[PDB]
Amino acid sequence: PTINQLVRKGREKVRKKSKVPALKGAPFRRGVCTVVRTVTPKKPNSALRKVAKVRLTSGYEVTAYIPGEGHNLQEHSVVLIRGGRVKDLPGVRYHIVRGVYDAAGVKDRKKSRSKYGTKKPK
Amino acid sequence: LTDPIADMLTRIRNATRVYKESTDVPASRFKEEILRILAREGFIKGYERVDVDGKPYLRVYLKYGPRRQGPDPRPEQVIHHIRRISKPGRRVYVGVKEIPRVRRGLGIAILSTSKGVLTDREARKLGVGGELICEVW
Amino acid sequence: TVXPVXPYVX
RNA sequence: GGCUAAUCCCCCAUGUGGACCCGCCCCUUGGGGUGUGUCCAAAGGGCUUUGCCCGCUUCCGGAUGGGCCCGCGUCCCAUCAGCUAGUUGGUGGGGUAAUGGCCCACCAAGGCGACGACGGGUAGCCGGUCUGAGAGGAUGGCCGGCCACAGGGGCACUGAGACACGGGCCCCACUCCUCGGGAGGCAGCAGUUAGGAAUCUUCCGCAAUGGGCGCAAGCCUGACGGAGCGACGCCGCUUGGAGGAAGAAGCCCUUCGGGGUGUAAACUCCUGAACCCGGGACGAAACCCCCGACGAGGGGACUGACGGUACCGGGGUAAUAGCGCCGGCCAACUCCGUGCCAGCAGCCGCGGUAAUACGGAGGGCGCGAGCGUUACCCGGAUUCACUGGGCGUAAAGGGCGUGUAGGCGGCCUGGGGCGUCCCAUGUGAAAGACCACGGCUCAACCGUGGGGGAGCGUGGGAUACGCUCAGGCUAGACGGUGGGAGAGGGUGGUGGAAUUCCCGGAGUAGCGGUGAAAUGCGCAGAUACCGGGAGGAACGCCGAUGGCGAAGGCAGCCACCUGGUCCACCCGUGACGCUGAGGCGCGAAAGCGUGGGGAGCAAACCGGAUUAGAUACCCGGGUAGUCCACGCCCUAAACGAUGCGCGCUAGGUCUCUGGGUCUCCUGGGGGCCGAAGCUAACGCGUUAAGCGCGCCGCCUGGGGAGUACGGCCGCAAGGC
RNA sequence: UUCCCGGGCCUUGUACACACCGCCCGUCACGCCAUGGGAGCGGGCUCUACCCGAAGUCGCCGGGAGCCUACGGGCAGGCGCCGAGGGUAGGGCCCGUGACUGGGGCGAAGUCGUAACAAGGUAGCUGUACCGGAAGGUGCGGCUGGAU
RNA sequence: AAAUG
Ligand SMILES: [Mg+2]
Ligand SMILES: [Mg+2]
Ligand SMILES: [Mg+2]
Ligand SMILES: [Mg+2]
Ligand SMILES: [Mg+2]
Ligand SMILES: [Mg+2]
Ligand SMILES: [Mg+2]
Ligand SMILES: [Mg+2]
Ligand SMILES: [Mg+2]
Ligand SMILES: [Mg+2]
Ligand SMILES: [Mg+2]
Ligand SMILES: [Mg+2]
Ligand SMILES: [Mg+2]
Ligand SMILES: [Mg+2]
Ligand SMILES: [Mg+2]
Ligand SMILES: [Mg+2]
Ligand SMILES: [Mg+2]
Ligand SMILES: [Mg+2]
Ligand SMILES: [Mg+2]
Ligand SMILES: [Mg+2]
Ligand SMILES: [Mg+2]
Ligand SMILES: [Mg+2]
Ligand SMILES: [Mg+2]
Ligand SMILES: [Mg+2]
Ligand SMILES: [Mg+2]
Ligand SMILES: [Mg+2]
Ligand SMILES: [Mg+2]
Ligand SMILES: [Mg+2]
Ligand SMILES: [Mg+2]
Ligand SMILES: [Mg+2]
Ligand SMILES: [Mg+2]
Ligand SMILES: [Mg+2]
Ligand SMILES: [Mg+2]
Ligand SMILES: [Mg+2]
Ligand SMILES: [Mg+2]
Ligand SMILES: [Mg+2]
Ligand SMILES: [Mg+2]
Ligand SMILES: [Mg+2]
Ligand SMILES: [Mg+2]
Ligand SMILES: [Mg+2]
Ligand SMILES: [Mg+2]
Ligand SMILES: [Mg+2]
Ligand SMILES: [Mg+2]
Ligand SMILES: [Mg+2]
Ligand SMILES: [Mg+2]
Ligand SMILES: [Mg+2]
Ligand SMILES: [Mg+2]
Ligand SMILES: [Mg+2]
Ligand SMILES: [Mg+2]
Ligand SMILES: [Mg+2]
Ligand SMILES: [Mg+2]
Ligand SMILES: [Mg+2]
Ligand SMILES: [Mg+2]
Ligand SMILES: [Mg+2]
Ligand SMILES: [Mg+2]
Ligand SMILES: [Mg+2]
Ligand SMILES: [Mg+2]
Ligand SMILES: [Mg+2]
Ligand SMILES: [Mg+2]
Ligand SMILES: [Mg+2]
Ligand SMILES: [Mg+2]
Ligand SMILES: [Mg+2]
Ligand SMILES: [Mg+2]
Ligand SMILES: [Mg+2]
Ligand SMILES: [Mg+2]
Ligand SMILES: [Mg+2]
Ligand SMILES: [Mg+2]
Ligand SMILES: [Mg+2]
Ligand SMILES: [Mg+2]
Ligand SMILES: [Mg+2]
Ligand SMILES: [Mg+2]
Ligand SMILES: [Mg+2]
Ligand SMILES: [Mg+2]
Ligand SMILES: [Mg+2]
Ligand SMILES: [Mg+2]
Ligand SMILES: [Mg+2]
Ligand SMILES: [Mg+2]
Ligand SMILES: [Mg+2]
Ligand SMILES: [Mg+2]
Ligand SMILES: [Mg+2]
Ligand SMILES: [Mg+2]
Ligand SMILES: [Mg+2]
Ligand SMILES: [Mg+2]
Ligand SMILES: [Mg+2]
Ligand SMILES: [Mg+2]
Ligand SMILES: [Mg+2]
Ligand SMILES: [Mg+2]
Ligand SMILES: [Mg+2]
Ligand SMILES: [Mg+2]
Ligand SMILES: [Mg+2]
Ligand SMILES: [Mg+2]
Ligand SMILES: [Mg+2]
Ligand SMILES: [Mg+2]
Ligand SMILES: [Mg+2]
Ligand SMILES: [Mg+2]
Ligand SMILES: [Mg+2]
Ligand SMILES: [Mg+2]
Ligand SMILES: [Mg+2]
Ligand SMILES: [Mg+2]
Ligand SMILES: [Mg+2]
Ligand SMILES: [Mg+2]
Ligand SMILES: [Mg+2]
Ligand SMILES: [Mg+2]
Ligand SMILES: [Mg+2]
Ligand SMILES: [Mg+2]
Ligand SMILES: [Mg+2]
Ligand SMILES: [Mg+2]
Ligand SMILES: [Mg+2]
Ligand SMILES: [Mg+2]
Ligand SMILES: [Mg+2]
Ligand SMILES: [Mg+2]
Ligand SMILES: [Mg+2]
Ligand SMILES: [Mg+2]
Ligand SMILES: [Mg+2]
Ligand SMILES: [Mg+2]
Ligand SMILES: [Mg+2]
Ligand SMILES: [Mg+2]
Ligand SMILES: [Mg+2]
Ligand SMILES: [Mg+2]
Ligand SMILES: [Mg+2]
Ligand SMILES: [Mg+2]
Ligand SMILES: [Mg+2]
Ligand SMILES: [Mg+2]
Ligand SMILES: [Mg+2]
Ligand SMILES: [Mg+2]
Ligand SMILES: [Mg+2]
Ligand SMILES: [Mg+2]
Ligand SMILES: [Mg+2]
Ligand SMILES: [Mg+2]
Ligand SMILES: [Mg+2]
Ligand SMILES: [Mg+2]
Ligand SMILES: [Mg+2]
Ligand SMILES: [Mg+2]
């Protein structure tokens with residue numbers, strides 16, 4: 001572009017699209033599970049992954065992943081969630097934070113237990 | 001022809017790259033003052049006022065390096081690089097403290113000032129700034 | 001946001 | 001309903017002075033100074049008491065705190081393009097400390113906007129803070145500066161100052177107290193509650209600093225000075241230090257020999273966080289008292305919330321470790337379990353029985369009172385590119401002109417000095433940053449100095465380049481005179497070849513068509529042949545790799561109107577130029593409207609074949625349309641997928657059209673191969689995609705999607 | 001040596017490279033997500049005209065009439081302009097939501113054919129037009145990013 | 001002429 005054109009139209013500053021829309025600014029956000037089921041993932045994986053349809057405090061509803069092996073999460077379980085998606089499960093854009101509200105820690109977990117909300121063992 | 005000064009600079013730049021002995025440009029007392037620095041700082045042997053078909057020109061006598069060995073005998077250049085700074089589209093002016101150092105002293109910056117056409121070296125001495133005309137090395 | 005009877009509403 | 005004081009209120013006086021009207025002098029917006037008329041002041045209280053102290057009154061200047069006005073700077077959407085009746089200006093007035101349409105009457109018809117008015121969305125702004133090589137981006141919490149608000153709104157009272165957080169009125173919503181209504185306003189300091197992912201003690205003191213009132217002792221101060229909770233952040237410190245086996249057990253690996261944790265431990269000595277005991281602050285010397293004078297000055301005393309705390313001494317116990325990771329980026333490797341399950345995941349990707357990628361374990365790496373995760377900002381992103389990118393084929397040149405604004409612009413001489421450049425000078429608070437010193441045992445934090453800069457006001461200076469005014473020039477540009485080539489454009493006229501149908505003649509058994517066939521046509525006389533008519537549309541040979549046009553596009557021949565353009569001569573004008581958002585015009589085919597026209601051809605449509613099918617390909621039919629006039633539509637592989645003008649950088653060869661001396665030289669077009677150079681390559685290369693300047697248009701991952709919504713255009717189709 | 005099966009060398013096209021037993025297109029059936037449209041319904045903001053109108057400053061009155069006096073005056077009191085807001089009516093922008101509907105994205109070891117990439121078996125692509133279960137076909141003109 | 005994996 002000529003310099004003149006730049007004086008005229010100027011450069012267009014790029015904008016940023018949040019990948020975590022429902023959070024509405026906040027770091028984490030509280031909610032209740034409406035559905036708790038398993039979803040098969042996209043190719044080339046095969047599994048029955050653990051998810052919850054969750055109703056936010058912003059009166060939103062997101063699909064959120066349940067980490068760990070096994071869970072105490074059910075319909076009507078009050079839960080806390082955090083950002084970050086699960087690439088193989090489209091539409092899952094948030095993770096459940098284990099060890100908060102009616103979300104337990106992973107029983108028998110010994111490695112990297114901060115992530116899985118398990119208190120330090122024997 | 002919108003910028004006479006760039007033309008000249010480019011006439012030269014174009015000329016050195018096939019290694020013409022010389023090349024003429026249309027005459028101007030300001031084109032001279034610049035050409036003057038170009039020779040006195042040794043980027044050229046020199047120049048002389050001429051005429052073609054009654055038309056004032058400034059024939060510029062070009063300067064080059066020693067022939068080289070290897071698969072490509074073509075010599076190095078005296079003027080490796082000469083390019084406009086200030087342009088009619090965007091005028092460029094520096095103040096004294098803002099006057100740049102070309103290739104770490106190894107080359108010059110011509111600039112038009114209220115005290116004539118000078119080099120970067122020259123301006124910082126006379127303590128002035130001006131329209132930064134171009135950079136050469 | 002009304003659920004089957006949960007005192008939690010959302 | 002009545003009594004009474006004062007620094008409360010009023011009248012007369014006094015008048016240094018001041019206010020006002022009018023004249024005049026200086027000045028120059030309503031600044032000073034005069035003259036005459038007239039108009040205005042006042043408050044006393046104290047002690048030791050022929051005197052000083054706090055008050056009061058009018059005026060003048062200073063100082064500090066302000067009000068108002070102006071220049072420039074300040075976010076996203078143009079899918080917001082028009083906005084405005086106090087609106088813009090004038091006249092007179094009201095109002096104020098004061099200018100002003102601030103308010104009013106009247107008069108004129110103005111004011112604003114692509115340099116983005118109006119409208120919508122978002123935001124208190126700056127010093128600064130964060131990041132960044134910088135340029136820039138992001139941000140404005142704490143502290144300092146200004147503004148704005150005090151439940152939601154309107155108002156004015158008092159006053160130097162308010163239209164007043166803990167003052168007043170009125171309306172609203174809400175809550176509260178027990179029938180007339182009276183009540184409230186934590187966005188002060190704590191505290192409650194709701195909301196939330198989350199955000200503190202209903203602490204201590206006026207000792208310090210600082211504020212109000214007071215002659216003064218002193219009173220008030222949830223400003224403040226301290227303390228409390230919270231690893232929230234940074235900074236300091238600890239859980240030990242020296243010795244200790246060719247090396248305990250346990251656990252992990254193994255080639256069964258061994259290898260690892262690991263000097264690690266155990267065990268030895270030495271130290272001595274915590275804790276006890278004692279002493280124990282700086283922060284605090286002023287006001288006050290005393291001499292002198294209640295001044296200068298010298299001397300007295302008083303008071304510490306934090307606090308029995310820091311800190312300084314005496315004793316003195318070995319005294320918490322966790323978190324993340326170990327496929328690649330990326331530092332850290334091995335067993336078992338599992339078997340596309342369970343699971344990991346930031347991206348590429350791991351798991352299907354031998355997984356360094358899942359879960360445990362041994363071991364290892366990395367940081368450590370922390371380690372990680374989520375969110376957001378800058379970075380890497382030269383991925384909005386000023387520094388510092390691009391568009392033939394990767395995303396990207398507008399289908400083509402003409403031109404408004406704008407941006408940009410040859411040579412020479414001078415005037416101004418606007419940009420530009422130098423110097424002086426003012427400003428640029430403090431804190432923060434930077435360098436140096438210094439104070440808490442260092443540090444964090446804190447003091448004291450030093451360096452300042454951008455930017456703007458002012459004064460001086462310079463004049464190359466940009467600007468501007470003024471003078472000349474001929475190289476750009478445009479004309480004159482003469483001459484050229486050409487399917488350039490418009491109207492009209494008109495010539496032959498062929499297809500078809502019709503008439504006539506002659507003739508007979510098939511013609512047609514395909515891969516092969518069939519449908520079709522044919523004894524009602526087809527085809528093939530001869531003659532004559534009618535009619536529409538396209539112009540063979542010339543014909544080319546050619547020519548013309550800005551593009552679309554233009555082809556028999558003629559005449560007429562008419563554009564572009566090349567050449568020669570070197571006559572004329574003297575920079576009159578280049579580009580060009582909008583605007584306007586043109587714009588193949590198809591399609592649309594109203595009339596014509598309709599031979600050949602041919603979407604749709606029928607039929608015959610093929611085929612599993614055959615809504616196709618092939619064959620026999622055939623309607624729009626193709627043609628003309630006028631009006632629309634405005635698309636494209638509208639392509640050189642290459643915007644336009646200029647300057648500059650080897651040539652070789654083919655060709656079209658000009659001028660020359662005609663071997664050839666010289667212009668303008670069209671091709672090919674190629675110097676230098678470019679390019680990711682392919683390729684480009686004086687017809688640049690090379691080297692440069694000017695201006696415009698455009699790109700910023702794929703899909704969604706040239707879709708939706710809005711808006712404009714259109715009869716519609718549909719276009720932008 | 002035309003054909004069928006396989007092979008050698010040169011060359012050309014390619015969207016193949018799991019290498020033609022390759023790739024790949026559209027409808028239709030199912031599941032999930034987001035969006036447009038939709039008789040409407042709910043809200044937020046906003047503009048115009050008019051009715052009523054508190055407190056309050058400003059202005060007129062202060063008289064059949066009260067109080068004060070400093071009475072050519074003041075105060076009470078009365079009228080008026082404007083005025084928070086309230087009300088009626090009609091517009092503009094934004095958000096939410098809606099029976100139903102349109103296509104879109106993803107999902108997948110479904111159903112149909114095979115449009116495109118080799119001359120892809122009718123060269124392709126294109127603007128437009130008409131037609132068709134679907135890819136697509138055909139007409140007109142255009143491009144080579146096609147022929148070998 | 002002649003489909004698919
Ligand atoms: Mg799989
Ligand atoms: Mg897999
Ligand atoms: Mg861990
Ligand atoms: Mg008395
Ligand atoms: Mg008096
Ligand atoms: Mg008026
Ligand atoms: Mg006036
Ligand atoms: Mg006035
Ligand atoms: Mg006004
Ligand atoms: Mg009028
Ligand atoms: Mg706001
Ligand atoms: Mg604000
Ligand atoms: Mg950047
Ligand atoms: Mg702040
Ligand atoms: Mg602040
Ligand atoms: Mg308010
Ligand atoms: Mg208020
Ligand atoms: Mg409130
Ligand atoms: Mg209020
Ligand atoms: Mg006062
Ligand atoms: Mg107040
Ligand atoms: Mg108030
Ligand atoms: Mg205020
Ligand atoms: Mg209050
Ligand atoms: Mg209260
Ligand atoms: Mg509070
Ligand atoms: Mg609290
Ligand atoms: Mg809560
Ligand atoms: Mg605090
Ligand atoms: Mg005090
Ligand atoms: Mg004090
Ligand atoms: Mg207190
Ligand atoms: Mg701490
Ligand atoms: Mg040791
Ligand atoms: Mg050994
Ligand atoms: Mg060992
Ligand atoms: Mg051992
Ligand atoms: Mg083994
Ligand atoms: Mg051992
Ligand atoms: Mg002290
Ligand atoms: Mg005395
Ligand atoms: Mg003690
Ligand atoms: Mg001790
Ligand atoms: Mg001991
Ligand atoms: Mg020990
Ligand atoms: Mg880590
Ligand atoms: Mg690392
Ligand atoms: Mg490694
Ligand atoms: Mg298992
Ligand atoms: Mg892991
Ligand atoms: Mg395996
Ligand atoms: Mg294994
Ligand atoms: Mg592992
Ligand atoms: Mg890993
Ligand atoms: Mg630390
Ligand atoms: Mg980033
Ligand atoms: Mg950078
Ligand atoms: Mg650039
Ligand atoms: Mg790029
Ligand atoms: Mg294009
Ligand atoms: Mg167009
Ligand atoms: Mg112009
Ligand atoms: Mg100009
Ligand atoms: Mg110029
Ligand atoms: Mg100047
Ligand atoms: Mg400062
Ligand atoms: Mg020190
Ligand atoms: Mg300092
Ligand atoms: Mg002139
Ligand atoms: Mg002529
Ligand atoms: Mg016919
Ligand atoms: Mg006949
Ligand atoms: Mg002609
Ligand atoms: Mg002449
Ligand atoms: Mg002349
Ligand atoms: Mg033009
Ligand atoms: Mg057209
Ligand atoms: Mg047509
Ligand atoms: Mg039609
Ligand atoms: Mg028609
Ligand atoms: Mg017709
Ligand atoms: Mg048929
Ligand atoms: Mg057919
Ligand atoms: Mg046919
Ligand atoms: Mg036919
Ligand atoms: Mg017909
Ligand atoms: Mg072409
Ligand atoms: Mg392209
Ligand atoms: Mg153009
Ligand atoms: Mg073009
Ligand atoms: Mg041409
Ligand atoms: Mg040529
Ligand atoms: Mg030629
Ligand atoms: Mg070439
Ligand atoms: Mg080369
Ligand atoms: Mg050439
Ligand atoms: Mg050439
Ligand atoms: Mg290129
Ligand atoms: Mg990008
Ligand atoms: Mg995208
Ligand atoms: Mg996209
Ligand atoms: Mg379209
Ligand atoms: Mg559209
Ligand atoms: Mg629309
Ligand atoms: Mg129609
Ligand atoms: Mg149409
Ligand atoms: Mg377009
Ligand atoms: Mg063979
Ligand atoms: Mg052989
Ligand atoms: Mg081959
Ligand atoms: Mg190949
Ligand atoms: Mg829907
Ligand atoms: Mg909808
Ligand atoms: Mg009414
Ligand atoms: Mg009214
Ligand atoms: Mg009276
Ligand atoms: Mg009103
Ligand atoms: Mg109203
Ligand atoms: Mg009301
Ligand atoms: Mg809606
Ligand atoms: Mg709706
Ligand atoms: Mg096809
Ligand atoms: Mg095909
Ligand atoms: Mg086929
Ligand atoms: Mg084909
Ligand atoms: Mg093809
Ligand atoms: Mg077509
Ligand atoms: Mg058809
Ligand atoms: Mg069917
Ligand atoms: Mg065709
Ligand atoms: Mg090809
Ligand atoms: Mg196949
Ligand atoms: Mg099939």
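A.B. asks: Would you take a moment to explain a positive patch on the surface for this structure?
C.D. replies: Side chains of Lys-19, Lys-42, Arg-85, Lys-87 and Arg-93 of chain A sit close together on the surface and give a patch of like positive charge. Looking at the element boundaries, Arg-93 of chain A is found in strand β5 (residues 92–101).

A.B. asks: Please explain the environment of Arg-121 of chain B as it appears in this structure.
C.D. replies: All names here are of chain B. Counting through the fold element by element, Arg-121 comes out in helix α3 (residues 120–126). By relative accessible area, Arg-121 is classed as exposed at 62%. On a C-alpha basis, the gap between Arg-121 and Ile-108 in space is 7.4 Å, while along the polypeptide they are 13 residues apart.

A.B. asks: Mind showing me how you'd approach helix α1 (residues 4–16) of chain B here?
C.D. replies: For an α-helix, 3.6 residues make a turn, and residues three or four places apart therefore share a direction. Residues and elements named next belong to chain B. In this model α1 runs 18 Å from its N-terminal to its C-terminal C-alpha over 13 residues, within 8% of the 18 Å that 1.5 Å per residue would give. Within α1 the residues assigned to the buried category are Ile-5, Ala-6, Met-8, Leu-9, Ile-12, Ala-15 and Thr-16. Two or three places before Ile-5, at the start of α1, stands the capping residue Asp-3, its side-chain oxygen 3.1 Å from that residue's backbone nitrogen.

A.B. asks: Sorry, what's going on with the pattern of salt bridges here?
C.D. replies: Between side chains of opposite charge, pairing is possible as soon as their charged atoms come close. Residues and elements named next belong to chain B. Enumeration according to the criterion identifies 14 salt bridges over all chains in this entry. One salt bridge connects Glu-41 with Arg-40, and the closest N-O pair in it is separated by 3.0 Å. Overall, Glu-41 belongs to the partly exposed group, its relative accessible area being 33%. On the basis of relative accessibility, which here comes to 47%, the residue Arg-40 falls in the partly exposed class.

Conventions used here
- Residues numbered from 1 in each chain as written, not as in the entry; some residues may be left out.
- Chains lettered and ligands numbered in written order.
- Part of a larger assembly, values for the part shown.
- Heavy atoms only, no water.
- Residues with missing side-chain atoms left out of burial classes, pairs and counts.
- Patch = residues over 30% accessible without salt bridge, like charges linked within 9 Å, V, L, I, M, F, W, Y side chains within 5 Å.
- Areas by Shrake-Rupley, 256 points an atom, 1.4 Å probe, with all protein chains shown as cover.
- Salt bridge = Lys/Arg side-chain N within 4 Å of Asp/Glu carboxyl O.
- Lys, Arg positive; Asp, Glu negative; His and termini not counted.
- Charge placed at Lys NZ, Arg CZ, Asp CG, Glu CD.
- Helix = DSSP H or I, 4+ residues; strand = E, 2+ residues; numbered from the N terminus.
- Buried < 20%, exposed > 50% of the residue type's maximum accessible area, 1.4 Å probe, protein only.
- Expected span 1.5 Å × (residues − 1).
- Polar contact = N/O pair within 3.5 Å; in protein donor to acceptor, adjacent residues only side chain to side chain.

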